[PDB]
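Structure first, then comments.
By letter and in written order, the chains are A, B, C, D, E, F, G and H; residue numbering begins at 1 in each of them.
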Amino acid sequence: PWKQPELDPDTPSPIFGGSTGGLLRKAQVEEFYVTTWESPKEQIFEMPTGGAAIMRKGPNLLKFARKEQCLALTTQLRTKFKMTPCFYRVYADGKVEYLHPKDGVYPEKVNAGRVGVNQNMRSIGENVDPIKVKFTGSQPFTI
Amino acid sequence: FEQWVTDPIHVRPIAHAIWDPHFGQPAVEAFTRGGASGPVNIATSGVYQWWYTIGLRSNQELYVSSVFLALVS
Amino acid sequence: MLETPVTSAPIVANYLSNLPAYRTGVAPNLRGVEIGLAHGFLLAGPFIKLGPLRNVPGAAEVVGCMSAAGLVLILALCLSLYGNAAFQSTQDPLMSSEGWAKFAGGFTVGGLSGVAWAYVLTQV
Amino acid sequence: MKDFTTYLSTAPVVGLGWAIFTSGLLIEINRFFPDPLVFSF
Amino acid sequence: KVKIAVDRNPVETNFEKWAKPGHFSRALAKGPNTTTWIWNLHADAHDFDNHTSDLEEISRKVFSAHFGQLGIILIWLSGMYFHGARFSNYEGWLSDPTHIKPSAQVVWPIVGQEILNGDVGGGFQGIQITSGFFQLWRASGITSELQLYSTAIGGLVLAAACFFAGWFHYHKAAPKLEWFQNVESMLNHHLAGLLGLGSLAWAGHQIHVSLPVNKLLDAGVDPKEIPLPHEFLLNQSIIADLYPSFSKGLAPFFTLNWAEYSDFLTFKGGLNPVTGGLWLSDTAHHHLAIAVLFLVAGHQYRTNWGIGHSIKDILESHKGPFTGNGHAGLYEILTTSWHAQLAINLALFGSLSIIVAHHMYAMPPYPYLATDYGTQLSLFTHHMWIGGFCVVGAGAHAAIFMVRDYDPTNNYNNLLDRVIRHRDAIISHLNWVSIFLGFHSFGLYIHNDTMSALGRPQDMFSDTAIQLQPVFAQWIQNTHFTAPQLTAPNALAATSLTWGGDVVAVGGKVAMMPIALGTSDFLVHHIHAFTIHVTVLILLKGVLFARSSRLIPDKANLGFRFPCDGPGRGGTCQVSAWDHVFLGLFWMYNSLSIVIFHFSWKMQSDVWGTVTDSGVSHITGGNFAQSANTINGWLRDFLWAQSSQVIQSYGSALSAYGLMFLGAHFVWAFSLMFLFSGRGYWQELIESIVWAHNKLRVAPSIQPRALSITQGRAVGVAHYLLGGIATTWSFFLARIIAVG
Amino acid sequence: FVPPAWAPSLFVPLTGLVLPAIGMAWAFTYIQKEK
Amino acid sequence: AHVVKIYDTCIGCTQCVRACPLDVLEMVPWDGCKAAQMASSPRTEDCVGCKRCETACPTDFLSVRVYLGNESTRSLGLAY
Amino acid sequence: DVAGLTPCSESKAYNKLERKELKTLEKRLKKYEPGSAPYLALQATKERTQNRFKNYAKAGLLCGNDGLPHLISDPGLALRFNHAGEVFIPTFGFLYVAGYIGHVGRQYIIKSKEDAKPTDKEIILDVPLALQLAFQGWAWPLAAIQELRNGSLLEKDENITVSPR
């Protein structure tokens, strides 16, 4: 949004037991994703990595090994309770990257502040044949 | 090859000898065919008939042909 | 993350603590020697029992012992291959490259020693 | 009546009717002409 | 609290919705535009959970559908009884059951199929039936065709009554949701009335009707000269002559001197030497004891009178320290989710069908049933396959419940939540167990085949080289052979002849004999355990990963039945729980095929045969001890040594079995094009055919489309199962009829 | 010319055990070769 | 990773972004459509190629196209 | 006597096969009393077999070396040896019936498209219209070649749905 929020590792995790489909060795070798939300009350939700957990009244922090799990939890919280969460990506060296609300308004909106990239300005089916682009390393859809 | 050249009707061609330490003694005895000293495979590729037709008769001719083809390769 | 009574048992914890792989109190050569001794001694077992020469007395134990030695050598070759092809890039010395090479050398030394010990025990 | 007729006008029902009609015609032809092979008037 | 709650006329009986095919769902209510709609019409027909979100309407539809299935079953039973009444030689079979084959289906002479009406004996022509209905009617005291006619008419009347009952209980008087949710009343009425009262009624029929008719039939008198069952019912002189304890006239029952009933309520465990079946007095006391036990069990739950047990209280009370909330939210799950109850019912029904098959080949509970080898083989195979289908449908509907009816709010730390919480460990351990079993069984078979082909019979895992004898099964067999000796002294003999004893034969054919267990039996039993373990692993992975997984975290939002999630993450084809059930269906088929092959070979080699003065000469000469240890033995001594009757059946009454064998091979082969391939190829082929019909202006208004990927998988697995099942059916029946 | 009688006792174990073993060793080092 | 390409036939209906399970697409202002929205892929390195965006496209043919190739840890959907 | 084959009446293997079939039918018949329904059923089967074997003979059918009759498919050769009734006449009859089916289906496809929701008429058939088109298809080749003449049988390549190259 106006200012990118900074994650807090001291935020309380939701009330949950032990997960089996949790973070593997990739969490301590490669990047892992961390989802934060602000629950106004305590309620039971379903994690994508196992059974069910109970979120605490306040900030809530969860860890996952895949971005798809983070976005699945985000859309579950948005559809079920309208929570509007946000997840960061933390690498092995501790670098933190802001992932979901890039402009803080969610990708469903526009905000008139994002530059559209990887947009072909020609119609589909007007691309050149693969014979035209041969021994060049450029795909017909990449021009 | 020479025995098949002498009698192309009765005795069967031999493809290659079998040396398998996993073979048992009845299996070794059962695979001794065509008047061989060990377990052999009956040839079905038909190179015996072809090499008899083109004029090869002796084993030395096959030896020199094989070494010449190895040199060619 | 899911703690269990059998994984977090203190008896299981101290049984896995003093194992040669998880001791972290000795050089990799000694751990390899112990590993090779134990695994060669157990691997000689099925070879002196059900080999192709098991009906022939005397020669069955010898044939099983050389087969166990060959299996130990194959396992040592695969251990050396894993050490060379795993730790070729950047506190436990076992996870290092030359540490794993010394572990493999200890493993094959222990394997042949255990095969000889099993031969002595079967002869006696 | 017309709702039941439109139910009978559905594709599986008329297909079933065609099935019984054709099967009965062929069966009665085979019964009253036992095992013919060549058209000989 | 428990009371009848019924709404009066919620649905009007009008044909206006019969005209519209797609009406139960709003997706199909708009009308058809492509051909995939039509399949969607025949796929979501019974998906009542998707038509409406109201549980009351779903429960009413379930009640009506159950009434319809009972009406269909009663129609089929009445038709079976009618075919036995008119187009059958049951009266001829009653005179000599050991020489006239049971026949109840007669064909019409139309195109040369009259050769299928074989010479079954007794001056009759027809198809030799393997259902065993003749033995069931002989066990029920049925003598004349008039009784079969009356049973058929009563079955038709009860089928019409049940069909009207379904119409009434749906359209006229529809029960409410509170009526269906009274699980305590349902369990009490089912234990006491559905099972116990029926058991007591069948016991009374066996005492008053079946036992005297069976005793007179075993005496050898003419069935026409046998007195009618009502003569036994009313007049007490014949029943006193046949059983002196009937002269007391209900005195020992109400004076607690039940030992006086020992003449016609016996405990002579074993086989009747006259007929090779179970003793009817033993079955009478059995059904009486079962009725007493079920009437006792039916007064367990509290419904309206204070006393009883509460299912919710029992489930909440049984909580341990290692399980957290032990069985906490299961009562709410099983009272709101139809699919959980469907999974439970299907699992228990399939397991009980397997039990029925095993304990029916073991003890033949019918007169002249064990002599008919074909009837026993067909019944065992049929119950085996129905049990397998039911237990795979249990996993299917459990996965459906997991996708649809699971609520995380009611499952926080209960047993289902912990099972989901360690499903990965469950699947990993089951995978390791399955791999180890498959190695140490199939690799043993490959080892035997290799060392046989290498000329090392002493290196094989056979009954002569390496004795891997089933010491536990042999010890259990020896203990159960001594069960009447020391632990059950009131039994006259052993509970079955499989444990040990002597050979019981009827008409020169062996009815039952002790079954020896060797290394081949251990190998095939461990092979069966391995196949069951793999199928369990597949279905459990489908059930537990139906909602989410590491590969797909939002699988619950995709539904239970979806083809894939695209080629992403390397490819997500066949990732749904439906596809897991579709994969496990083949493994169930393979498991049960190996099981029935083991049964057929073992009972043909070591059980069935003829009995001469020298001894018992079996059908295959007991090759199972020396041929079942290798795959080539099954290939040659079981599949090639047999199946010669099927291929040589042409020109005889068994030629329909050969034709059905060829058609089954055809359907099994035709299934592979749906099992393999995909959808885009057939879609473009259909596009080319659309162009062809558009050139001739015969393009249909309904756009033809290729079958869906899920639909294509369903068609492939259905045709594959049908082809394999009919292949085994034709081969088994032809082999067991020609040489049996 | 004619190979000796011990050639099946040497070449067959060489191309059945030793040569595939060294081939798999070279291939395993080539697969996991990193920069 | 995979290549996500969006053409000018998009009507800005935002269905592809809602169908995206990894937050790859976005909506930018545009003038070539009535809704004044255009789909973009600024996070194509996180796309796995599930083709869920192509299912939600209402236009004939496809206004968004996913081309697989050069799979990585993020592109293969691996938690390990 | 074409293709080195003999007529069924002149052949010996044909009579041997008929004798074998009569022998096995009589063997099946001898196990039943004459006053029983299986006896009449087997007698009817034997009579049908004898009638079929008589009708296959004296009808131009010929069999080679096995007694099983053979069919000649080439026109002209079948015309000059009275074998046209084997396949030549039945193939023309099947072509007539198949053209009847195609013309009836084409008429129903065309006649049910100039109305609202033609798929509804496709899925719920207009039974009087279907029967009317059923009884109007007796002159299918005339109407087919007339539609070919006026060009309404075939659609032009401009109004036809076509796949991209």
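Keep in mind that, in the parts below, a contact is a pair of C-beta atoms (placed from the backbone, for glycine too) under 8 Å apart; a residue touches a chain by one contact, two chains touch by 3 or more.
Colleague: Quick one: which pair of chains has the most contacts?
Modeller: Greatest number of C-beta pairs in contact occurs for A-G.
Colleague: Where the CA atoms of subunit C average out and where those of subunit E average out, how many Å apart are those spots?
Modeller: 51
Colleague: Which whole number of Å gives the spacing of the CA centres of subunit B and subunit H?
Modeller: 58
Colleague: Quick one: subunit B and subunit D, Cα centre-to-centre, how many Å?
Modeller: Roughly 68 Å, centre to centre.
Colleague: Can you give the whole-Å distance between the Cα centres of subunit D and subunit G?
Modeller: 55
Colleague: Would you pick out the residues of subunit F that each touch at least 2 other chains?
Modeller: Where subunit F is concerned, no single residue meets two or more other chains.
Colleague: Which subunit C residues sit where two or more other chains touch them?
Modeller: Residue numbers touching two or more other chains: 2.
Colleague: Multi-chain contacts only, two chains or more: what residues does subunit E have there?
Modeller: 19, 21, 421-422, 425, 456, 459, 550, 553-554
Colleague: For this structure, give each pair of chains that are touching.
Modeller: Result of the pairwise touch check is A-C, A-E, A-G, B-E, B-F, C-E, C-F, D-E, D-H, E-G, E-H.
Colleague: State the interface residues of subunit H toward subunit D in the complex, per the touch definition above.
Modeller: The touching residues are 48, 51-52, 55-56, 59-61, 69, 71, 85-86, 89-90, 122-127, 130.
Colleague: Help me check something: in the complex, which residues belonging to subunit B touch subunit E?
Modeller: Subunit B residues touching subunit E: 22-28, 30.
Colleague: For the complex, which residues does subunit C have touching subunit F?
Modeller: 74, 77, 81, 84-86, 88-89
Colleague: In their complex, what parts of subunit G are in touch with subunit E?
Modeller: Those residues of subunit G that touch subunit E are 21, 47-52, 68, 71, 75-79.
Colleague: Can you name the residues of subunit E that touch subunit A in the complex?
Modeller: Residues of subunit E touching subunit A: 408-409, 411-413, 416-418, 420-425, 547-550, 552-554, 556.
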